[PDB]
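Shown here is one chain on its own, the form deposited in one PDB entry, set out as structure tokens.
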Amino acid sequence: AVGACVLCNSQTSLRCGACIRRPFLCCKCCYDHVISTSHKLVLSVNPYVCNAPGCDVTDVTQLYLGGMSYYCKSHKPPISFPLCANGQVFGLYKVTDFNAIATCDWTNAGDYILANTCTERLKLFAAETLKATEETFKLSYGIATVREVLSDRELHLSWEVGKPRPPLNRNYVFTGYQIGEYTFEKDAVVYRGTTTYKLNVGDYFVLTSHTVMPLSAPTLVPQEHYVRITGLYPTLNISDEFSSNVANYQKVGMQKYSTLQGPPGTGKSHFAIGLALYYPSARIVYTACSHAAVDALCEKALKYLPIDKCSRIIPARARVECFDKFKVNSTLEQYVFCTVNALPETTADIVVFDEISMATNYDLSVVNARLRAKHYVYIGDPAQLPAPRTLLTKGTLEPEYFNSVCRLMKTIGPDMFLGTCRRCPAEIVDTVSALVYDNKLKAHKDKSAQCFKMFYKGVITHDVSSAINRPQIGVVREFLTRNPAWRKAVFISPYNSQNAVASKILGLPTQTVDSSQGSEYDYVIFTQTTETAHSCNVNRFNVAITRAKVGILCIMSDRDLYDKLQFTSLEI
């Protein structure tokens, strides 16, 4: 039990026994913690507990030292010093924010605000504590058991009594029993095995609670600015395609780390892959939280970089189908594409972390711990969607609080900004530029005259809490008959239950706003479904309308966002 203080690094024998992570706290900090919170169990070699037989005094403020032993006020010998005196807790080698991180239930937005405005070591304490709290919460849900097997994609489930039922969306991944990971959608339920298996009756499913490893590396390394490009060797022969990013690629070699804010369709993949063509000898590890973000980087690399110098790292516990054109699990290749949780312990000349709004501080820290690099480039957009915070139910998490990188991009600004959207028709670019980009995003395409908006509240029904608006889907069905070109549109809504209804009624492929992020489609049909804080989130709204290359039909519930859409209004 010999470690360093999470608040001031001072070496100590003390750990908080009431904290779920049991942080090492020094004499002067440990006191400031026990004296201000319900946390009174202090751990050393032995806990600070009354040594008198059958005594239940564990509160450090009610204990004293009797020689080399610990006793309460009722058992202490005449010659005994209190454990808590003069701003310190007795220990070898002799905070308001730490108390709030240590005691909070992570259900308030203010908990996440603090976990991002605090000191660097407190961001790791916050990130570990949050993730451990999120896992112990997965145990609170009831066990689903197979009652009947309808077919290869449908079954009926028997839930546990006394324990609540977890939300049934793709976000919540189950573990069958060890028959593989499984997912559910809406008494006929749709089952989806990450592995194909003849669903047996009696088999059960649990949300896999994974052990939270402690954090060691910071979320962001200390910034270093250099007079020249360091450890990287630029080409003089640089393809005209990537000439627009040359000044920014040099900025990347003259700093330890750099932030790139790239609104939708401004060239993030192009910038990331073009950085390899600019430093041709440099080993680049490409990382992101999701398999789809890593796969999008592989698709752009397949087009510009040699396939023999690339490798897609796939964890043996495969959950979804990912990129198959590179040699798999060769961490020895010059270009390594890998999700954060699968990263090996290696080194790199450049580390590119894409879709930075989806990262948590836990992920930022894991990347710094597994990858030791000369340069780190963080690419994403704080105006796009963050990682879901399953415990957060009160308050809204603002972009400057998503993670350390997003905090920097929203306060000091990003080091680099891609200001030209090449994907969207001008109507959409002008709407999101004013909405989330402070009028700094510019349109490359002209107005398509195929961006429509309809103010139609319809009727809101609910599959549990996931919302449906059948009259909004009815308006879409009516529109499709009059606009058959839109037969090829992707249907998007903020709710998976709305999507299930629209899939059966319209037959269009379906995507939630959160799963559509990073993807593009010629035509998009968006139904807002509700006027909630979720369906009105400006970041979700921004993602939803920036998926479209040619046209979009927005069936709106919120007068506010409807009025902001610079689209042609439709009647009915």
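Counting begins at 1, following the sequence as shown. By rigid core we mean the largest C-alpha set that fits within 1.5 Å across both forms.
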| query | finding |
| --- | --- |
| No coordinates for residue 318 in a third or more of the other PDB entries | yes |
| Interval residue 156-residue 157, deposited residues with no coordinates in the entry (none, 1 to 3, 4 to 9, 10 or more) | none |
| Continuity check for residue 94 and residue 95, given as deposited residues lacking coordinates between them | 4 to 9 |
| Comparing 85 to 93 with 211 to 219, the one whose average Cα B-factor in the PDB entry is higher | 85 to 93 |
| Given 421 to 429 and 117 to 125, the range whose Cα B-factors average higher in the PDB entry | 117 to 125 |
| Most elevated Cα B-factor in the entry, residues 476, 130, 144, 501 | 144 |
| C-alpha B-factor winner, where the candidates are 388, 180, 110, 265 | 180 |
| Ranked C-alpha temperature factor of residue 378 among modelled chain residues, by third | lowest |
| Lowest, middle or highest third - CA B-factor, residue 342 | middle |
| B-factor third for the C-alpha atom of residue 445 within its chain | lowest |
| Ranked against its chain, the third holding the CA B-factor of residue 140 | highest |
| Third of chain Cα B-factors occupied by residue 32 | highest |
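Another form, the form deposited in another entry, is not on view; read the next lines as being about it.
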item: Residue among 413, 77, 388, 164 whose Cα moves 2 Å or more between the shown form and the other one, once the rigid core is superposed; value: 77
